[PDB]
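Before any questions on binding or motion, here is one chain by itself as C-alpha cells, the form deposited in one PDB entry.
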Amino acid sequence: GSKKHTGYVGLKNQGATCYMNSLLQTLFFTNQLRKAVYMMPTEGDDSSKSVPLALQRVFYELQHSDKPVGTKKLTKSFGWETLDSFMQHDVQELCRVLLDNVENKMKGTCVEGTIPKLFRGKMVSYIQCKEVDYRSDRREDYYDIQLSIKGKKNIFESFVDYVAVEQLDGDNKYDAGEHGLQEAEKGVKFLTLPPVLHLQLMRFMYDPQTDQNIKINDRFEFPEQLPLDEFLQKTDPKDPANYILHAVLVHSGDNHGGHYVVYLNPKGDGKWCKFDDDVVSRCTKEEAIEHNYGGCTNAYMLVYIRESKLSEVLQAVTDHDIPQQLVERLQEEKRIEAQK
C-alpha cells in the first residue's frame, strides 16, 4: 500500500529498463515540468506513436492511480524495447530524448520554452595561447553536467576539477592557424546554472585496461545544500547559486545487472521517500544521502534545485491542472483497457 504509506505511487517493473523508472519519478516531481507536459496539445496524436502523449499518460497515472504504473506505451513510443537500447545509453541520454520531444511539442503553445527555462545553463569553453595573442571562445548550452568522481572526495572537488585549466603542450599543442602549433591552455567557465541542476556522477566508465565497462564504487560525498556561486564568472547579489538536494538516483552491484532506485524529497522539505519500482516507502534523510556516498549502494546522479526557484519549480499540481480533454482521452483509453 505505497499510496497509503507515502501518498505516492510507484512504477511497474516490467522490463530491463535500468535507470528509466528512477528518471521518470525525478521528472514527475519536477512539478513545473509536469504541469507544462499536461498542456501539450496531443488531442490529434496517435496513441501508440506519440512520446508527448505517452509521458502525459505516465504522469497522469502517477498522479491518480492507487496501483503501480506501467510504462510499455512509453517505451514503445521512443523505440527502446530491448535491454540493448538501455545498455547502449546512459541516463542523461534518455533524459535528452524525453525532454527534446517534449520541448518540440511545446513550440507554438503557451508553455513554449519550459525545458530551457528549467534545465538549460550557459557556459564558455575557451582555448588561450600563451606565446601568441590568440583566444577562441565558444559559448555553449548544457542541460546536464557530467562530473568525474575518481580521485575526488566530494562535489566541490569535482567542480574544481571540472573548471580546471588543461595545458596543451608537447605532442598535444594547439593548432593556432596562422600561428602554427602553439602551447596553450584550455578550460571551461560557468556563466549560469539552471533552476533544476542534473549532475551525473561518472561511476560508469569504459576501462582502457580491459575492453569492459566498469563501475567505480569509491566513496564520494554530496551535500543536502550545495553553494555554487564561486564557480560562476560573475555572481548576483540578489540570487546566489545556492542549491537544494531534490533527488538521488542510486545503483548497487555490477555494471551488468544491478539494482536501480531513486530517493526524493518531492516537496523539497527534507522529508524523503525511497522509490523502488512498485514500492514507495518513507526513509530517513541519512538513508537518502549519506548511505549513498559509497565505500554496494551508491549514487550515480543527483538533482538539485536553485533555492530561489524551489517554490516555482515545485509548485502545487491539482487535478484541475490537467485539461479536461486530456483527462477524457486517458479515461476513455483506460475504459477500453478495462474491457480488455
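Superpose the two forms; the largest set of C-alphas matching within 1.5 Å is the rigid core. A residue's number is simply how far along the shown sequence it sits, counting from 1. Only residues modelled in both forms are compared.
- Across the other entries compared, none leave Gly108 without coordinates where the residues on each side are present, so it is far from a third.
- The records show that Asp207 is omitted from the coordinate set of at least a third of the other eligible entries of this protein.
- The gap between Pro41 and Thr42 holds no unmodelled residues of the deposited sequence.
- Of the two stretches examined, 4-12 and 330-338, the record assigns the greater average C-alpha temperature factor to 330-338.
- When the mean C-alpha temperature factors of 44-52 and 267-275 are read from the deposited coordinates, 44-52 comes out higher.
- Set against one another, the Cα B-factors of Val58, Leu27, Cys296, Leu302 in the record reach their highest point at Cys296.
- For the set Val91, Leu199, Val163, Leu83, the maximum C-alpha B-factor listed in the entry falls on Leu83.
- The PDB entry assigns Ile322 a C-alpha temperature factor belonging to the highest third of its chain's modelled residues.
- Residue-level temperature factors show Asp211 in the highest third of its chain, judged at the C-alpha atom.
- Looking at the C-alpha B-factors along this chain, the one for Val188 belongs to the middle third.
- Ranked against the other modelled residues of its chain, the C-alpha B-factor of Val97 as given in the entry falls in the lowest third.
- Among all modelled residues in this chain, the alpha-carbon of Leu168 has a temperature factor (C-alpha) in the highest third.
What comes next is about the form deposited in another entry, which is not displayed.
- Listed in sequence order, 82-84, 208-212 mark where three or more consecutive residues have CA shifts of 2 Å or more between the shown form and the other one on superposition of the core.
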